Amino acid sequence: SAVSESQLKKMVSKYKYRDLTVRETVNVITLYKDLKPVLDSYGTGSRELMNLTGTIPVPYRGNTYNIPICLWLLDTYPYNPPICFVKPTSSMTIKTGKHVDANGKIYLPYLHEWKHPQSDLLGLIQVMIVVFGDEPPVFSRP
């Protein structure tokens, strides 16, 4: 159970910067085993984009949580930042706040000033782990 580069290259067939997107995607899914590349429609049935869906390990108050996220890579990735969302399961609820809006969209200085090649997905996830470690984007349903 693993995704080969061939399957990835196919997903980003319509992207403007293919090799760059594939390279970073491989780097991300190798380090973060619970993130998986998925090709799905975004907003319109004709608008297919690849996203990384799954969880990332976030330490909070002495315990590690698998925070559910979805990172949509635009067809202009890595020159434009990904559009990121928290994806709560039925057992949790989104915590609207400083870094999460009403739709679950994530806001971070790293995304706001995103600039290739200094900015990348590995750096973005590292930031998320730190920021969400201070303020979780989701909490369980008590």
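Numbering starts at 1 and follows the sequence shown.
As recorded in the PDB entry, 84-92 is the stretch of 69-77 and 84-92 with the greater mean C-alpha temperature factor. Between 129-137 and 6-14, the higher mean Cα B-factor belongs to 6-14. As recorded in the PDB entry, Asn103 shows the highest C-alpha B-factor of the residues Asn51, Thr55, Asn63, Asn103. In this structure the maximum Cα B-factor among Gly43, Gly97, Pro37, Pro109 is found at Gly43.
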